[PDB]
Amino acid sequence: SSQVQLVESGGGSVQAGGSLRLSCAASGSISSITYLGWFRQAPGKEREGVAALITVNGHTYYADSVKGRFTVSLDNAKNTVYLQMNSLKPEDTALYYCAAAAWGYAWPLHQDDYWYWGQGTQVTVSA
């Protein structure tokens, strides 16, 4: 629904070893947001969790594949959550979604929980 609105930006094409920074701006019922997740999906594959942040305390979770390379962070003033993606590799190529939840937190991420979803931003990493 439209209670929480998420707009992503920052995706694009980069060579292996480069970096990107995804942004996700939240509006609407923002005080209800308990949890922010970054998912990614390549066509035909699972929409998998990449990273997550608990809004009450800023605690973060990361998938094993991106630990040490990705960082998720929140600017409360701008109500914007960020995914800094360093040392990118072709395996990171996917459509990346920002998602917001109000029911608490759950790691690993599962898309079948009730989420508010951004529109998705493509990341394409070339060898």
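Don't overthink the numbering: it's just position in the shown sequence, from 1.
The stretch 43-51 shows the higher mean C-alpha B-factor when 43-51 is compared against 96-104 in the entry. Higher mean CA temperature factor between 32-40 and 62-70: 62-70, per the PDB entry.
Remark: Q119 belongs to the middle third of its chain, ranked by C-alpha B-factor as recorded.
Annotation for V81: C-alpha temperature factor in the middle third relative to the rest of the modelled chain, per the entry. In this PDB entry, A25 carries a Cα temperature factor that places it within the middle third of its chain's modelled residues.
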